[PDB]
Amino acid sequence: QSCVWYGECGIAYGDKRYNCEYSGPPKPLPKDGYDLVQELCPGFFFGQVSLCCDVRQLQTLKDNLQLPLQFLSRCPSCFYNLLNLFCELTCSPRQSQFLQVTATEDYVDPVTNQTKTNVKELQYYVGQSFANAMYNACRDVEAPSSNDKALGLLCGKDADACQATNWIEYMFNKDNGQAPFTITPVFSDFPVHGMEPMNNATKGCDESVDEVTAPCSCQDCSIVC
């Protein structure tokens, strides 16, 4: 198991940070991050909780959830797969299987002058099936108190032009003013030059996320009607 990053480094733009390049093994998460990991990425919350992210990154992930929540909160299955796409990118102890750093630049600690390295861009190998299921679980979600589709607000285009792969490409493009840096997705259900795409199990909008979380409504999920 190997990482491509660990912890936050320099400012990209606005209040947004690059992560620090790191190619060692995952590290057990400090106990002070257990609430965050339980909340955001409970799939990782077992054993030594050895991850390729630190507490700062998890806090940043939480803070950035506002806009997806803004439009997708009412359909938990839809939001769940999206959260997992981000959890895997941020924290997976097997990052190196599906992430490849493609651009970097120096980070200098202002006090010590010790150099680290910003991960400026990377490529993320995303399962084709994963991407399609993530889209499928979200494509009927209505924007709250409207008759329009929520994806029209998260895709940088109208819902009739939004598709699984262009949705993920848009979200991952820093030109959107939310993503701190660009992640270039590659979609494949097959290995690609030795890379094993992230193809985590997904939940449909007709399924419960867990014992305390019901399926989505008919209004947001035509399957359950």
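Heads up: residue numbers just count along the shown sequence, starting at 1.
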Quiz item: On average, which has the higher Cα B-factor in the deposited entry, 96-104 or 140-148?
Solution: 140-148
Quiz item: Mean CA B-factor: is it higher for 119-127 or for 105-113?
Solution: 105-113
Practice problem: Could you look up the Cα B-factor of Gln59 in the entry and say which third of the chain it sits in: lowest, middle or highest? | Solution: lowest
Exercise. Taking the values exactly as deposited, rank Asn200 by C-alpha B-factor within its chain and report the matching third: lowest, middle or highest.
Key: middle
Self-check item: Chain third (lowest, middle, highest) by recorded CA B-factor, residue given as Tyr34
Solution: middle
Quiz item: So where's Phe46 on the chain's Cα temperature factor ranking, which third?
Solution: highest
Practice problem: Classify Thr182 as lowest, middle or highest third according to the C-alpha B-factor given in the PDB entry, relative to its own chain. | Solution: lowest
